[PDB]
Structure formats: structure tokens, C-alpha cells
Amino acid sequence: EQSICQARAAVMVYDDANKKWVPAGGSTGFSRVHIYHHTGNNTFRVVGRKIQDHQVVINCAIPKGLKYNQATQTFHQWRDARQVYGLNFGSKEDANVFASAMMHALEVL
């Protein structure tokens, strides 16, 4: 497992029932979010840990063909079959770092 980026973001998941974003893992705050490349089998995952307490708040596969939506310069989103994820980045630089790496993984897959 090699990290290909680190970016600061508040990791959100969408509550489909109540139609609002909610903090991933339960508590609002910023995480260090990586994309990890499993060099062995050429897979990628998003893993993020809260800065305060190290809680893993996201651990999710990036499948080939994923549609990554850059809604604003600091809020990006994507889906899986269960959840919609949103990253509210700490700065535009962090958003550019993470989107660059995500776009790279999706070209590589």
C-alpha cells in the first residue's frame, strides 16, 4: 500500500432518508484523506483519518469507471452502490491535490 496523496477534508456522507450531509464516522471535523495504491494488484482505495483522534472515517474502493464530481472548487463527491461521499476540503489546494490523484487513479485503472 503506497499513499499517492494526502489532503485535508471534512468527510461527509449523505443521509438519504433525511436529505442532508452528515459527518462520516459521527463527529464533525477535518481528516487527512489519502488515496492508497495497492501496487500488487493495481487497486486504489480512499482512506481518511480524523486529525484529532485518528478515527478511520472513510475506507472505500475506487472502482474502474467511477464518476468523480467536482461540484465546487472545495467540495467533491462520488457514489458507490451504498453511499454517497462528499469531501469538504480545507482549501482549494487540498481539493486540487486529491482530485489530481483521483483522476490519475481512474486513468490507470
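Start at 1 with the first residue shown and count on from there.
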Given the B-factors recorded for C-alpha atoms, which segment has the greater mean, 50-58 or 34-42? 34-42
Ranking the modelled residues of this chain by C-alpha B-factor as given in the entry, is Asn88 in the lowest, middle or highest third? lowest
Ordered by C-alpha B-factor within the chain, which third holds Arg82? Give me lowest, middle or highest, please. highest
The third of the chain into which the C-alpha temperature factor of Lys64 falls is the highest
Based on the entry's values, in what third of the chain does the Cα temperature factor of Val97 lie: lowest, middle or highest? middle
Can you work out whether the C-alpha temperature factor of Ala105 puts it in the lowest, middle or highest third of the chain? highest
